[PDB]
């Protein structure tokens, strides 16, 4: 019954601050954490930071350091993100995602619905920014990480694939670079190891039209590819 419910969209003048809330339910709040990810309009995903559900410890992305504050209210299972000194490039959908009791250990399976805020390091590179394929044909998306994400102690690639359809948070499809999340069709296949990874979608269907992202959870900060928009030829 995992659920993450966020506060509504807000419009802010440049230079002001915004506080987004994320109410969690259906699980033991203190056994997990919250990671915040933002998405500029028609653009990729950026990790903002992580906060512990047990003791409120935080880990922020240096990119936003100074401007972002994360807090929790354990009694109400609510996590908060405040962004200060808003600029025009801070316009984005802000997402909360359930994380583990430490960051940089697993990808994101449960997401909030997102909050639109309108203001008036391992690098991941995905090969095609846009891709048009015909119905019934396979589409291939490539992802290169600037350094290996293969952990020698368990021989697993800390690489994930996501599908984001309009109006929805990203959906986890593949983790460990080839293991499907529950319910994910077999026509979605992940392959590769080290620095070069591939997502293959065989027998393309209309329901597969979406934006696809890769993500490394090997080393902080968490980083995403820029996204591959998939349309139909």
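Numbering follows the first chain given and starts at 1.
Problem set entry | residue 120 to residue 121: deposited residues without atomic coordinates | Per the deposited record, the segment joining residue 120 and residue 121 lacks coordinates for 10 or more residues.
Problem set entry | 6-14 versus 217-225 - which carries the larger mean C-alpha B factor in the record | Looking at the record's C-alpha B-factors, the answer is 6-14.
For this session: Look up the CA B-factors in the entry and say which stretch, 139-147 or 157-165, has the higher mean.
Result: For C-alpha atoms only, the mean B-factor is higher in 139-147.
Exercise. So among 34, 173, 45, 64, who wins on Cα B-factor in the entry?
Worked result: Highest CA B-factor of the listed options: 64.
Exercise. Checking the entry, which one of 198, 58, 179, 202 has the top C-alpha B factor?
Worked result: Among 198, 58, 179, 202, the PDB entry lists the largest C-alpha B-factor for 202.
Exercise. Taking the C-alpha B-factors as the PDB entry records them, is residue 83 in the lowest, middle or highest third of its chain?
Worked result: Ranked within chain, residue 83 CA B lands in the middle tercile.
Exercise. For residue 53, does the deposited CA B-factor place it in the lowest, middle or highest third of the chain?
Worked result: Residue 53: CA B-factor falls in the lowest third of its chain.
For this session: Grab the CA temperature factor for residue 134 from the record and place it in the lowest, middle or highest third of its chain.
Result: Its C-alpha B-factor belongs to the highest third of this chain's values.
Exercise. Compared with the other modelled residues in the chain, in which third is the CA B-factor of residue 209?
Worked result: Within its chain, residue 209 is a highest-third residue by C-alpha B-factor, going by the deposited values.
Exercise. If you rank every modelled residue in this chain by C-alpha B factor, which third holds residue 99: lowest, middle or highest?
Worked result: Its C-alpha B-factor, which the entry lists for residue 99, ranks in the lowest third among residues of this chain.
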